[PDB]
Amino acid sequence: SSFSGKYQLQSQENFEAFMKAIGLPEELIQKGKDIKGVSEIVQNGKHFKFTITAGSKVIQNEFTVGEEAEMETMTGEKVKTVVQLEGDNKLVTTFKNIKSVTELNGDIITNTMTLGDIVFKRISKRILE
C-alpha cells in the first residue's frame, strides 16, 4: 500500500560485480561493500522521495511516477527516465542498460537491478517505529 519507511539493508548479492560493471573505482567498491545502512522512502500518492544509502554514498532522488524525472545514479550521472508503479507494490524503470525493480512485500523491500548477466539484489527490512 505505502512504501513510506526507513529500511535497513539485510543482505545483498553482486554488489561488487554490479559496481565494477558500471565503472565505480575499486577503492569505492571496497569501502562500501560491507556497509549495511538505512534508506528512507517517503511516498505521497504518486510522489516519492528517496534517501538511499548505497555503499559509501548517499543519493537523494525525487520523482512522480509516470512523469519524466532526472535521477542521480551511482556514477554521478543524472539520467532522465520514467518510473512506473505496477500494482501498488512494485516500482519499475529502465535507464541505460539497467532494469530496476523495487518490490515491497509486507515489511521487506527487494530491489533487483539487472545489467547484462549480473543480477544485483538488495533485501532491506522496514524499521518498526
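Position 1 is the first residue in the sequence shown; the rest follow in order.
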Report the stretch with the higher mean CA temperature factor, choosing between 52 to 60 and 87 to 95 on the basis of the entry.
87 to 95
Going by the mean C-alpha B-factor recorded in the entry, which is higher: 37 to 45 or 64 to 72?
64 to 72
Largest Cα B-factor, entry values, listed residues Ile109, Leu9, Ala21, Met113
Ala21
Is the Cα B-factor recorded for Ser100 in the lowest, middle or highest third of its chain?
middle
Would you mind checking where the Cα B-factor of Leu128 ranks among the modelled residues of its chain, as the lowest, middle or highest third?
highest
